[PDB]
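Each remark here refers to the structure printed beneath this line.
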Amino acid sequence: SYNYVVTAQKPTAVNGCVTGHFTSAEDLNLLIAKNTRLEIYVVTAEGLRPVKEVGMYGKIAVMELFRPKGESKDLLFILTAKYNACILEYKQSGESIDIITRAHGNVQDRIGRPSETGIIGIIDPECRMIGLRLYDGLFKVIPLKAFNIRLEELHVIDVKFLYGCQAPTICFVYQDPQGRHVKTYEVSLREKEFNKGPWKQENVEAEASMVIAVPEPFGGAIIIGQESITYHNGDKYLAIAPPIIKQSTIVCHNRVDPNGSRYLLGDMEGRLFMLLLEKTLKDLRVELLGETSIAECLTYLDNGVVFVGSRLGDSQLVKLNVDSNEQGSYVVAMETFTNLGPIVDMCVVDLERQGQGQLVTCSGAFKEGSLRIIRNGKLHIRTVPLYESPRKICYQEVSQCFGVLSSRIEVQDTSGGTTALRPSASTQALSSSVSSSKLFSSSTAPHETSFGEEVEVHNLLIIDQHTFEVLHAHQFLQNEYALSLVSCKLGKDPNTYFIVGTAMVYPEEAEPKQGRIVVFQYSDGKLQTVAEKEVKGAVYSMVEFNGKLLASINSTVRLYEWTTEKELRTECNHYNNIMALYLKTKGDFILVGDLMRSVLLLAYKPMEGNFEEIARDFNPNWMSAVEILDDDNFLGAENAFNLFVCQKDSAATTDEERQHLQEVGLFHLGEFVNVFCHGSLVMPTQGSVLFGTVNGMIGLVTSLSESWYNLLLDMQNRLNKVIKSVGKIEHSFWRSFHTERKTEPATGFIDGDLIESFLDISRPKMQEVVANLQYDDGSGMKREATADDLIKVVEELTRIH
Amino acid sequence: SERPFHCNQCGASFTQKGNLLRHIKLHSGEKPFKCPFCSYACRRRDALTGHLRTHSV
Amino acid sequence: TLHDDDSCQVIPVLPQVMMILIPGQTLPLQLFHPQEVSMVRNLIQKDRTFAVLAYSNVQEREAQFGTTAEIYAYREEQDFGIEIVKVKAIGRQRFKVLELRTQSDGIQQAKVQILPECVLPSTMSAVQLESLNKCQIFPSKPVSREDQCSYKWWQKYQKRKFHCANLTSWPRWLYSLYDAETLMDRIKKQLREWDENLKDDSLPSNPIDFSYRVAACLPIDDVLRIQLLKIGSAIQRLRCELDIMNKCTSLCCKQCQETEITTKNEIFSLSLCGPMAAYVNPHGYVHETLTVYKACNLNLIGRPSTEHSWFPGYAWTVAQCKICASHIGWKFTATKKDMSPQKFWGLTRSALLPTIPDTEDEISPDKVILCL
Ligand SMILES: O=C1CC[C@H](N2Cc3cc(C4CCN(Cc5ccccc5)CC4)ccc3C2=O)C(=O)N1
Ligand SMILES: [Zn+2]
Ligand SMILES: [Zn+2]
Ligand SMILES: [Zn+2]
């Protein structure tokens, strides 16, 4: 296999945000974290001045600014997910802008158990040292050589640097087998060992989750849980328990004023709160500000403006008015930034019938759930909010409408029924219906329902492809989870139908004993229920298989035919020793895979009306999505933000092993893939597979010849010498296949981003690289490489996205 | 009647030697539907019947 | 001491060690050959490790994998004039057959490649939001018998740890079928039906050793035990064990396969040792014997005897299959009246399989036998 992967759309999810004086001690900068991308914005009176966007050879996990001893401006600390660290300084050289790596290094240790609470990176206020918590019972310290110190507390929740102490001192919240408590520890570099912390509180709330150290005028640390918000400063102890917080746990924050009198707090659901200090300190007081997108990170800007960093929905710029608004909120949204992530499904449509192809995604979650329309002609973005969770999508041209699996949250009232949290598309439908089935009404059992908590109800929405208006909503049964969706014609019937696979989920029954496949037809603004077919398991996936419907039921793969009675006739069956979750087809071949990378490849034999096992390969690892490249090669995604391709085993001199699959492709993408689909966004490369991520990243993968692969390999190795590498991180190390304990160099995949960067280097760099390369234009004439030949080849390669 | 012929596998007590040997042979197996006339063992009990009927005649 | 992964190693092979070993399972062994001692009399200085094999068709000697064993006890004498030599061995790293050298006398050496133990992190490490890493840890577990008997507590658990699973194509309760803690609980709910020993301390928290402790208590086939060893993923190993404990319940004669002996409901743990354990007879034959309350379709052989009884206070009587007369085990009958079960049965596993009940319902005949 010889493949090429390139970024088509940079990530849109916001995983971090900080403000500081980076471009100059007087300038005010805004820093945005977008997975592999880092953005620098300057705070203006009207808004934010965009300055620079860069790409890193690492997944940004920690990002904090600091002002070093006797230095011009704030310096930046960054740690990658692969544990590469780098320190950056903003450099202007006339018209050229550069980010220099003042120091770099990797802080990995071969042996270490990563803590449950993840990576944490903090810097002391004096900017003397950097604290890192990567593995339990160890604490790395950098004053880029580093040293570890032992920790008897093996379950750290959160830790921060104290203000106003004789030496840098840390205070943390741990959970021991006797409760949850807070503690302190002092640092001695000269000793490279721990000293005694100034104080200690032997008990704290069982759900303590956030620790914030208040600056020097106050000192101490703020502790926040579900029920209690406490303050501790040696022997000073304060505590409050406001009601407005029990609905959602406090998750993200930011310091408002440098004197430390006001804090911002956001919940898991988009409510934004402010912490006010009534000053010694007398008491604490909390106030609701309003509702925002679910916030991953928050930053107080200035002029009553706060930046909303969101992973689930669009980022927002909001104003903080001294008076509340008529709905009760003090916040109003000023400007929104497009966010494509998370992407749970997508489809490609040539809406204008121009041979183009437009990308339409089911994106977001909860009230930020939305459809995203992507148009190339660079990429154009239209946003259509849905206010509930989208799941799956398919396109039906004859009806000029989309089918979308949707789910909304409701809470149990006290009136017997349930109430929605907010208006959504499923309650704004022009027409509505709820299916009724005696077959599943035949389920009679105990079902003690508590009355005051959440529950999921799934719905099917039908929406016009032009206006994107809610045409029709069909509600699914109680305890029924909408899983699979497909639109296609069957048998001799020329009508086009929507087929939906469902399952019944009950809280005390793990393995699903029940499920449905329901066929729908959309006519004159109404969805007519066609048929009902009960199966004894969950209907995970369905795929059009040449006039027939291939369906997955738990670990069973069943092929259904279309009867003349407009029903499904079970033709044949194939039982697998794994749960048949992922299902992709091409022609008569059938590839089946589970969640744990267990691959299973079948081929339907029409002469006997059944399936034959062609090959099989098990390699235990979490798998997120899988796709077929061609008859002999298949692409998958497996944890570790990693991609893999396995071969159909060409010419194995082993009859019993021609059914075994090798491993010819491995690649570290840096993104978590959820769905693959064939298509291209335009009118030497073969094939085309687009994929969407949780961070909204979009790339294109196509196949190459051995000559094309071999040529680009030496070019990449050459470019790695000349391209200025962020943090001096090697591309071979970045793209290395990496599990939490293993590492192996990638092969079979060309990093199209790095290839395209060739056009943006100075012309002297190009000639330097091309020199001493043996060139083959194809079939005829092997010579030395021409500086030009690559460029015009490179452009025709760029003309894929 | 004191059964001094014990089987090392299961422990069965037998009153005569030759009865114990008949026991330890059944411990082994090899499709244990042995026909006593010919010794042809069969994999199932119904195929023994169809095989047994060829044995009387 | 343990060998590094994938290493090309040469290990002795012990003849007449006919079983399939699962790592950590202890093995007492009766020796009689001087060659068995001749291997041990040197092995004990000092490796103390050989290679238990996994024969599929031992009469044709078909084996493909196995489990290294670490001889951890060895001390013996010639008391009452009979020279007696017994050792306790324990299994360690799984392996795969490559080449084999039957040396001069027996001395079958094993050219072997170590099998790597494949550890996998949680399902959330990729998609879990950095903001909620503080929320990952729960306010611990109540370790009780009331909110575990109730499921409301665990629902909130399943709700929280996979809250960010809403960013995938798959909902939470699916990952519950891959959550080690959930799968352990599903087993932490089945063996209290079987055993009264405290799960809490006796079981290990780590699923690796916990998977092998489940594997050394299930009366399953020799072949089922085999592909159970092919499974590097402790998670897959648990689901396979689980779906076995769901389907594979009622046990039949391995040889005739026409006689339903007993059901898994009839299993019970007599002592803290467990329901199934390895017992030895006075001739060196090792029996993985299971204890069950009731069994049927068996004939008894001979009179009961207390001689060398593994359960003092009970007299055993040989039991064999009604149809094929192959040995199934023993009927243990109490000697006194103050004995608790009075008639606890007791079957040897190598003749058993808790087979799929081919339900004789004319409306529910066959079904699906996905051996996962
Ligand atoms: O509960 C259980 C199940 C049965 C299992 N046994 C017991 C057992 C005893 C013997 C023979 C050993 C030789 N003596 C000779 C002798 C005669 C009278 C007095 C003393 C010695 C007779 C018994 C052979 C096989 C087995 C066997 O498989 C076990 O150990 N426990
Ligand atoms: Zn016997
Ligand atoms: Zn015969
Ligand atoms: Zn039998």
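Going by the structure tokens order, chains are called A, B, ..., each with residues numbered from 1, while ligands are numbered from 1 in the order shown.
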Against chain B, which residues of chain C fall within 10 Å? For each one I want the closest pair of atoms and the distance in Å (one decimal), counting only C-alpha atoms, rows by chain and increasing residue number, as JSON lines.
{"residue": "C:59", "atom": "CA", "partner": "B:30", "partner_atom": "CA", "distance": 9.8}
{"residue": "C:255", "atom": "CA", "partner": "B:31", "partner_atom": "CA", "distance": 7.0}
{"residue": "C:256", "atom": "CA", "partner": "B:44", "partner_atom": "CA", "distance": 7.0}
{"residue": "C:257", "atom": "CA", "partner": "B:44", "partner_atom": "CA", "distance": 8.9}
{"residue": "C:258", "atom": "CA", "partner": "B:44", "partner_atom": "CA", "distance": 9.0}
{"residue": "C:281", "atom": "CA", "partner": "B:8", "partner_atom": "CA", "distance": 7.7}
{"residue": "C:282", "atom": "CA", "partner": "B:8", "partner_atom": "CA", "distance": 7.8}
{"residue": "C:283", "atom": "CA", "partner": "B:8", "partner_atom": "CA", "distance": 6.2}
{"residue": "C:284", "atom": "CA", "partner": "B:8", "partner_atom": "CA", "distance": 8.7}
{"residue": "C:285", "atom": "CA", "partner": "B:9", "partner_atom": "CA", "distance": 6.6}
{"residue": "C:286", "atom": "CA", "partner": "B:9", "partner_atom": "CA", "distance": 9.0}
{"residue": "C:287", "atom": "CA", "partner": "B:9", "partner_atom": "CA", "distance": 8.9}
{"residue": "C:300", "atom": "CA", "partner": "B:12", "partner_atom": "CA", "distance": 8.9}
{"residue": "C:301", "atom": "CA", "partner": "B:12", "partner_atom": "CA", "distance": 5.8}
{"residue": "C:302", "atom": "CA", "partner": "B:13", "partner_atom": "CA", "distance": 5.0}
{"residue": "C:303", "atom": "CA", "partner": "B:13", "partner_atom": "CA", "distance": 6.6}
{"residue": "C:304", "atom": "CA", "partner": "B:13", "partner_atom": "CA", "distance": 8.5}
{"residue": "C:305", "atom": "CA", "partner": "B:11", "partner_atom": "CA", "distance": 8.6}
{"residue": "C:307", "atom": "CA", "partner": "B:11", "partner_atom": "CA", "distance": 9.1}
{"residue": "C:308", "atom": "CA", "partner": "B:11", "partner_atom": "CA", "distance": 9.8}
{"residue": "C:316", "atom": "CA", "partner": "B:11", "partner_atom": "CA", "distance": 8.5}
{"residue": "C:317", "atom": "CA", "partner": "B:12", "partner_atom": "CA", "distance": 7.2}
{"residue": "C:318", "atom": "CA", "partner": "B:12", "partner_atom": "CA", "distance": 5.6}
{"residue": "C:319", "atom": "CA", "partner": "B:10", "partner_atom": "CA", "distance": 8.2}
{"residue": "C:320", "atom": "CA", "partner": "B:27", "partner_atom": "CA", "distance": 9.2}
{"residue": "C:323", "atom": "CA", "partner": "B:45", "partner_atom": "CA", "distance": 8.3}
{"residue": "C:324", "atom": "CA", "partner": "B:32", "partner_atom": "CA", "distance": 6.0}
{"residue": "C:325", "atom": "CA", "partner": "B:26", "partner_atom": "CA", "distance": 6.7}
{"residue": "C:326", "atom": "CA", "partner": "B:27", "partner_atom": "CA", "distance": 5.6}
{"residue": "C:327", "atom": "CA", "partner": "B:27", "partner_atom": "CA", "distance": 5.8}
{"residue": "C:328", "atom": "CA", "partner": "B:10", "partner_atom": "CA", "distance": 8.8}
{"residue": "C:329", "atom": "CA", "partner": "B:10", "partner_atom": "CA", "distance": 6.9}
{"residue": "C:330", "atom": "CA", "partner": "B:10", "partner_atom": "CA", "distance": 7.4}
{"residue": "C:348", "atom": "CA", "partner": "B:10", "partner_atom": "CA", "distance": 9.8}
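Residues from chain C found within 6 Å of chain A are residues 133, 134, 139, 169, 233, 370, 371 and 372 of chain C, counting only C-alpha atoms.
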Please write the residues from the selection above to a file, keeping N, CA, C and O atoms, as a CSV table (one decimal), in the first residue's frame.
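Final output, out_37.csv:
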chain,number,residue,atom,x,y,z
C,133,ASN,N,-10.9,15.9,33.2
C,133,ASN,CA,-10.0,15.0,33.8
C,133,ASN,C,-10.1,15.0,35.3
C,133,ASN,O,-9.9,14.0,36.0
C,134,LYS,N,-10.4,16.1,35.9
C,134,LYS,CA,-10.7,16.2,37.3
C,134,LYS,C,-12.0,15.5,37.7
C,134,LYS,O,-12.0,14.9,38.8
C,139,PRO,N,-16.4,9.7,43.7
C,139,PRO,CA,-16.3,9.7,45.2
C,139,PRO,C,-16.2,8.2,45.7
C,139,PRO,O,-16.9,7.9,46.6
C,169,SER,N,-19.7,7.8,17.6
C,169,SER,CA,-20.8,7.3,16.9
C,169,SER,C,-21.5,6.2,17.8
C,169,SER,O,-22.5,5.7,17.3
C,233,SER,N,-6.1,-9.6,24.8
C,233,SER,CA,-6.9,-8.6,25.5
C,233,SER,C,-7.6,-9.2,26.7
C,233,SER,O,-8.4,-10.1,26.5
C,370,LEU,N,-22.6,-17.5,18.9
C,370,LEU,CA,-21.4,-16.6,18.7
C,370,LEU,C,-20.5,-16.8,19.9
C,370,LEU,O,-20.8,-16.2,21.0
C,371,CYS,N,-19.5,-17.6,19.8
C,371,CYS,CA,-18.6,-17.9,20.9
C,371,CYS,C,-17.7,-16.7,21.2
C,371,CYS,O,-16.4,-16.8,21.2
C,372,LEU,N,-18.3,-15.6,21.5
C,372,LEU,CA,-17.5,-14.4,22.0
C,372,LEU,C,-18.0,-14.2,23.5
C,372,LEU,O,-18.4,-13.2,23.9
Check your understanding: Mind listing the residues within 7 Å of ligand 3, only C-alpha atoms and all ligand atoms counted, as a ChimeraX atom specification?
Key -> /B:35-40,48,51-52,55
Practice item. As a ChimeraX atom specification, list the residues of segment 519-758 of chain A assigned to alpha helix (DSSP H) by DSSP on the backbone atoms of this structure. Key: /A:706-722,731-734,752-756
Check your understanding: Residues at most 7 Å from segment 486-497 of chain A, counting only C-alpha atoms, excluding those fewer than 5 positions away in the same chain, as an MDAnalysis selection string?
Key -> chainID A and resid 394:396 519:521 542:544 547:548 562
Selected residues, C-alpha atoms, written as an mmCIF file, in the first residue's frame, please.
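Result file is result-v2.cif:
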data_model
loop_
_atom_site.group_PDB
_atom_site.id
_atom_site.type_symbol
_atom_site.label_atom_id
_atom_site.label_comp_id
_atom_site.auth_asym_id
_atom_site.auth_seq_id
_atom_site.Cartn_x
_atom_site.Cartn_y
_atom_site.Cartn_z
ATOM 1 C CA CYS A 394 -28.131 9.883 4.700
ATOM 2 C CA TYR A 395 -29.281 11.582 1.502
ATOM 3 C CA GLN A 396 -32.367 10.745 -0.578
ATOM 4 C CA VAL A 519 -38.630 0.935 6.741
ATOM 5 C CA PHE A 520 -40.046 4.391 5.998
ATOM 6 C CA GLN A 521 -41.258 6.124 2.848
ATOM 7 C CA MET A 542 -27.031 -1.350 7.710
ATOM 8 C CA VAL A 543 -25.515 -0.996 4.228
ATOM 9 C CA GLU A 544 -26.904 -1.168 0.694
ATOM 10 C CA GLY A 547 -30.428 -4.385 -4.397
ATOM 11 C CA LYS A 548 -30.371 -6.073 -0.973
ATOM 12 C CA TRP A 562 -37.134 -7.387 -0.643
#
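Taking atom CA of residue 168 of chain A and atom CA of residue 202 of chain A as endpoints, the distance between them is 21.8 Å.
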Which residues are close to residue 602 of chain A, i.e. within 9 Å by only C-alpha atoms, leaving aside same-chain residues fewer than 5 positions away? Reply as a CSV table (one decimal) with C-alpha atoms, in the first residue's frame.
chain,number,residue,atom,x,y,z
A,588,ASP,CA,-19.9,-8.4,-3.5
A,589,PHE,CA,-17.2,-8.2,-0.8
A,590,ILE,CA,-18.1,-7.7,2.9
A,591,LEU,CA,-15.7,-6.3,5.6
A,592,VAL,CA,-16.8,-6.7,9.2
A,611,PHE,CA,-21.0,-16.1,2.7
A,612,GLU,CA,-17.5,-17.6,2.8
A,613,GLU,CA,-14.8,-16.5,5.3
A,614,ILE,CA,-11.9,-15.1,3.2
A,615,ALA,CA,-9.6,-13.7,5.8
A,616,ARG,CA,-9.3,-12.6,9.5
Point to revise | Residues within 6 Å of residue 518 of chain A, only C-alpha atoms, excluding chain neighbours under 2 positions, as number ranges by chain | key: A: 499-500, 531-532
Review point. What are the DSSP strand (DSSP E or B) residues of segment 376-601 of chain A, as JSON, numbers by chain?
Key: {"A": [376, 379, 380, 381, 382, 383, 384, 385, 389, 390, 391, 392, 393, 394, 395, 396, 401, 402, 403, 404, 405, 406, 407, 408, 409, 410, 411, 412, 418, 419, 420, 432, 433, 434, 454, 455, 456, 457, 458, 459, 460, 461, 462, 463, 464, 470, 471, 472, 473, 474, 475, 480, 481, 482, 483, 484, 485, 486, 487, 488, 489, 496, 497, 498, 499, 500, 501, 502, 503, 504, 506, 509, 515, 516, 517, 518, 519, 520, 521, 522, 523, 526, 527, 528, 529, 530, 531, 532, 533, 534, 535, 539, 540, 541, 542, 543, 544, 545, 548, 549, 550, 551, 552, 553, 556, 557, 558, 559, 560, 561, 562, 568, 569, 570, 571, 572, 573, 574, 575, 582, 583, 584, 585, 586, 589, 590, 591, 592, 593, 599, 600, 601]}
Would you mind exporting the chosen residues as a short mmCIF file (atom, residue, chain, number, x, y, z; two decimals), in the first residue's frame, restricted to C-alpha atoms?
data_model
loop_
_atom_site.label_atom_id
_atom_site.label_comp_id
_atom_site.auth_asym_id
_atom_site.auth_seq_id
_atom_site.Cartn_x
_atom_site.Cartn_y
_atom_site.Cartn_z
CA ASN A 376 -15.92 24.66 -1.95
CA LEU A 379 -14.42 26.27 1.78
CA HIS A 380 -17.69 28.08 2.53
CA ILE A 381 -19.58 27.33 5.75
CA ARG A 382 -23.31 27.60 6.47
CA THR A 383 -24.62 26.80 9.96
CA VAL A 384 -28.10 25.41 10.68
CA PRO A 385 -28.74 24.97 14.42
CA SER A 389 -28.09 15.84 19.34
CA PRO A 390 -27.55 14.67 15.74
CA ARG A 391 -26.34 11.12 15.21
CA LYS A 392 -26.45 9.77 11.64
CA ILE A 393 -27.25 11.12 8.18
CA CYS A 394 -28.13 9.88 4.70
CA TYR A 395 -29.28 11.58 1.50
CA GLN A 396 -32.37 10.75 -0.58
CA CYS A 401 -34.33 15.72 1.86
CA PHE A 402 -32.05 14.28 4.53
CA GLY A 403 -32.71 11.65 7.17
CA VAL A 404 -31.12 12.41 10.53
CA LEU A 405 -31.16 10.39 13.75
CA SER A 406 -31.70 12.78 16.65
CA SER A 407 -31.78 12.51 20.44
CA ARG A 408 -32.90 15.04 23.04
CA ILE A 409 -32.57 15.12 26.82
CA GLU A 410 -35.66 15.32 29.01
CA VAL A 411 -36.07 15.26 32.79
CA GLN A 412 -38.68 13.44 34.82
CA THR A 418 -41.44 14.07 31.04
CA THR A 419 -40.56 17.65 30.12
CA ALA A 420 -37.99 18.89 27.61
CA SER A 432 -45.29 14.74 14.05
CA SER A 433 -45.87 11.06 14.77
CA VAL A 434 -45.02 8.38 17.33
CA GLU A 454 -32.27 12.69 32.90
CA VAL A 455 -33.24 10.29 30.11
CA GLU A 456 -32.66 10.07 26.35
CA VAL A 457 -35.49 9.98 23.80
CA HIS A 458 -34.58 9.47 20.15
CA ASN A 459 -36.28 11.02 17.13
CA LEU A 460 -36.07 10.91 13.34
CA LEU A 461 -36.18 14.30 11.60
CA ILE A 462 -36.94 14.91 7.92
CA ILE A 463 -35.63 18.23 6.62
CA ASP A 464 -35.67 19.85 3.17
CA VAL A 470 -38.07 20.93 10.06
CA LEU A 471 -40.48 19.17 7.70
CA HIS A 472 -41.36 16.14 9.83
CA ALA A 473 -40.37 14.49 13.11
CA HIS A 474 -41.11 10.89 14.10
CA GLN A 475 -40.52 9.94 17.73
CA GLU A 480 -35.41 2.70 22.02
CA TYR A 481 -32.04 3.97 20.78
CA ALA A 482 -31.71 5.01 17.13
CA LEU A 483 -28.56 3.39 15.74
CA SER A 484 -28.41 2.90 11.95
CA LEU A 485 -29.81 4.70 8.93
CA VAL A 486 -29.74 4.10 5.17
CA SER A 487 -31.64 5.30 2.09
CA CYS A 488 -31.85 3.16 -1.06
CA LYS A 489 -34.19 1.24 -3.34
CA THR A 496 -36.97 4.96 -2.39
CA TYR A 497 -37.23 4.17 1.32
CA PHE A 498 -35.61 5.16 4.60
CA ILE A 499 -34.55 2.14 6.67
CA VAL A 500 -33.86 2.58 10.39
CA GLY A 501 -32.23 0.09 12.75
CA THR A 502 -33.10 0.39 16.43
CA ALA A 503 -32.56 -1.36 19.76
CA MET A 504 -34.18 -1.51 23.18
CA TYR A 506 -32.81 -1.28 29.68
CA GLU A 509 -29.76 -5.53 31.07
CA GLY A 515 -34.29 -4.46 18.43
CA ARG A 516 -36.10 -3.37 15.30
CA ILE A 517 -35.60 -2.54 11.64
CA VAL A 518 -38.22 -0.06 10.39
CA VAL A 519 -38.63 0.93 6.74
CA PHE A 520 -40.05 4.39 6.00
CA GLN A 521 -41.26 6.12 2.85
CA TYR A 522 -41.64 9.91 2.71
CA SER A 523 -44.61 11.09 0.64
CA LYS A 526 -45.54 12.66 5.73
CA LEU A 527 -43.55 9.57 6.73
CA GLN A 528 -45.54 6.36 6.23
CA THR A 529 -44.51 3.38 8.37
CA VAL A 530 -43.99 0.52 5.92
CA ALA A 531 -42.99 -2.57 7.88
CA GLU A 532 -41.92 -3.89 11.28
CA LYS A 533 -39.32 -6.62 11.81
CA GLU A 534 -38.29 -7.68 15.31
CA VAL A 535 -34.83 -9.13 15.95
CA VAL A 539 -29.26 -3.28 14.99
CA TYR A 540 -25.83 -1.66 14.83
CA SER A 541 -25.35 -1.00 11.11
CA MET A 542 -27.03 -1.35 7.71
CA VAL A 543 -25.51 -1.00 4.23
CA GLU A 544 -26.90 -1.17 0.69
CA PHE A 545 -25.66 -4.44 -0.85
CA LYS A 548 -30.37 -6.07 -0.97
CA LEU A 549 -30.00 -4.79 2.59
CA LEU A 550 -27.08 -5.97 4.72
CA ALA A 551 -27.79 -5.57 8.44
CA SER A 552 -25.83 -6.21 11.63
CA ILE A 553 -27.59 -7.61 14.72
CA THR A 556 -24.92 -11.63 13.66
CA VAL A 557 -24.66 -10.47 10.04
CA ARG A 558 -27.92 -11.02 8.14
CA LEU A 559 -28.76 -10.28 4.50
CA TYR A 560 -32.40 -9.34 3.82
CA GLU A 561 -34.20 -9.52 0.48
CA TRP A 562 -37.13 -7.39 -0.64
CA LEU A 568 -38.07 -8.47 4.22
CA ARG A 569 -37.24 -12.12 3.52
CA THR A 570 -34.31 -13.54 5.47
CA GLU A 571 -32.14 -15.16 2.77
CA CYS A 572 -28.87 -16.22 4.40
CA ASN A 573 -26.77 -15.60 7.49
CA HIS A 574 -23.21 -15.65 8.80
CA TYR A 575 -22.29 -15.98 12.46
CA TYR A 582 -18.51 -1.74 11.76
CA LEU A 583 -19.89 -2.68 8.34
CA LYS A 584 -18.61 -1.53 4.94
CA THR A 585 -19.13 -3.04 1.48
CA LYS A 586 -17.94 -2.70 -2.10
CA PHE A 589 -17.21 -8.20 -0.75
CA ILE A 590 -18.14 -7.65 2.90
CA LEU A 591 -15.75 -6.32 5.56
CA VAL A 592 -16.79 -6.67 9.21
CA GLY A 593 -15.01 -5.30 12.26
CA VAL A 599 -11.13 -7.56 11.46
CA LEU A 600 -13.31 -10.01 9.53
CA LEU A 601 -13.52 -10.08 5.72
#
Review point. Quick one: of C:363, C:351, C:358, C:345, who's nearest to ligand 1, counting only C-alpha atoms and all ligand atoms?
Key: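 Nearest candidate to ligand 1 out of C:363, C:351, C:358, C:345: C:345.
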Review point. Of the candidates C:180, C:175, C:254, C:280, which shows the shortest atom-to-atom distance to ligand 4, using only C-alpha atoms and all ligand atoms?
Key: C:254
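For segment 328-331 of chain A, the non-local neighbours within 7 Å, defined as residues at least 4 positions apart in the same chain or in other chains and counting only C-alpha atoms, are residues 289, 290, 318, 319, 320, 321, 322, 323 and 324 of chain A.
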Limited to N, CA and C atoms, could you put the picked residues into a file as a JSON list (two decimals), in the first residue's frame?
[["chain", "number", "residue", "atom", "x", "y", "z"],
["A", 289, "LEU", "N", -24.62, 34.58, 35.51],
["A", 289, "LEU", "CA", -24.44, 35.57, 34.46],
["A", 289, "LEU", "C", -25.29, 35.31, 33.23],
["A", 290, "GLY", "N", -25.47, 34.05, 32.86],
["A", 290, "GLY", "CA", -26.29, 33.71, 31.71],
["A", 290, "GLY", "C", -25.93, 32.33, 31.19],
["A", 318, "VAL", "N", -18.64, 37.43, 24.17],
["A", 318, "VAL", "CA", -19.79, 37.89, 24.94],
["A", 318, "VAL", "C", -19.41, 39.14, 25.73],
["A", 319, "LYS", "N", -20.40, 39.99, 25.96],
["A", 319, "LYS", "CA", -20.26, 41.19, 26.76],
["A", 319, "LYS", "C", -20.85, 40.94, 28.14],
["A", 320, "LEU", "N", -20.28, 41.59, 29.15],
["A", 320, "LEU", "CA", -20.75, 41.47, 30.53],
["A", 320, "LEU", "C", -21.30, 42.83, 30.93],
["A", 321, "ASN", "N", -22.62, 42.96, 30.86],
["A", 321, "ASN", "CA", -23.30, 44.20, 31.23],
["A", 321, "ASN", "C", -23.56, 44.23, 32.73],
["A", 322, "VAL", "N", -23.48, 45.44, 33.30],
["A", 322, "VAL", "CA", -23.68, 45.59, 34.74],
["A", 322, "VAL", "C", -25.11, 45.23, 35.11],
["A", 323, "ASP", "N", -26.06, 45.52, 34.22],
["A", 323, "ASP", "CA", -27.45, 45.11, 34.41],
["A", 323, "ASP", "C", -27.72, 43.82, 33.66],
["A", 324, "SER", "N", -28.59, 42.99, 34.24],
["A", 324, "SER", "CA", -29.09, 41.80, 33.58],
["A", 324, "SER", "C", -29.98, 42.19, 32.40]]
